[PDB]
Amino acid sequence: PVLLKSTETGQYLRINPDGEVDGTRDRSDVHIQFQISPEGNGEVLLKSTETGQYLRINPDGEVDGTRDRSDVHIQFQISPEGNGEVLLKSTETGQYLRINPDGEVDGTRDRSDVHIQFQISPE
């Protein structure tokens, strides 16, 4: 039961019931609630608690949600970077989740992009 907040913009990751993913600063939005579940092998799934959808990063950088638990693109590695921040990385594609200032969420391989840093809050 956690929130995934972009350190740069203060925006929280949100999955809408239509599968669309964006960011919002509204901490009261029920759609920003996530459950992180272990896969064991160092990977986790990032599941929207209110809709049951897993975050997915597609190879073309598009981020959405699916309930398809067989999908290889829902697998993530959470990795420290520094100062209690983490990166949320797609195992299969090497892409980091990114929240842009306009609230649009996508994936990028640019390790130095300032918008890939997250704070996980246990809320």
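Residue positions are given as counts along the sequence shown, with the first one as 1.
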With reference to the PDB entry, specify whether the mean Cα temperature factor is higher for 61 to 69 or for 40 to 48.
40 to 48
Which has the higher mean CA temperature factor in the PDB entry, 93 to 101 or 79 to 87?
79 to 87
B-factor third for the C-alpha atom of residue 24 within its chain
lowest
Going by the recorded CA B-factors, say which third of the chain residue 11 sits in, lowest, middle or highest.
middle
